[PDB]
Ligand SMILES: [Zn+2]
């Protein structure tokens, strides 16, 4: 859903930015 809140404000990005948790 292009939910890249954080300081990205976009889509997909966050998953690669704040989506990974390892
Ligand atoms: Zn981010």
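Numbers in chain A come straight from Swiss-Prot, and the residues shown are 880-901, in order.
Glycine is treated like the rest: Cβ placed from N, Cα and C.
Straight from Swiss-Prot, the features:
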type	residues	note
BINDING	885, 887, 896, 897	Zn(2+) binding site
COMPBIAS	891-901	compositional bias 'Basic residues'
For residue 897 (Zn(2+) binding site), nearby residues of its own chain (Cβ under 8 Å, 6 or more apart in sequence): 884, 885, 887
Residue 896 (Zn(2+) binding site): tally of other CB atoms within 10 A of its CB: 13
Residue distribution over DSSP helix, strand and coil in the compositional bias 'Basic residues' (891-901): 7 helix, 0 strand, 4 coil
The one of 885, 887 whose CB sees the fewest other CB atoms within 10 Å, among these binding-site residues: 885
Neighbours of 885, 887, 896, 897 excl. site residues, C-beta within 8 Å of centre, Zn(2+): 883, 884, 886, 892, 893, 898
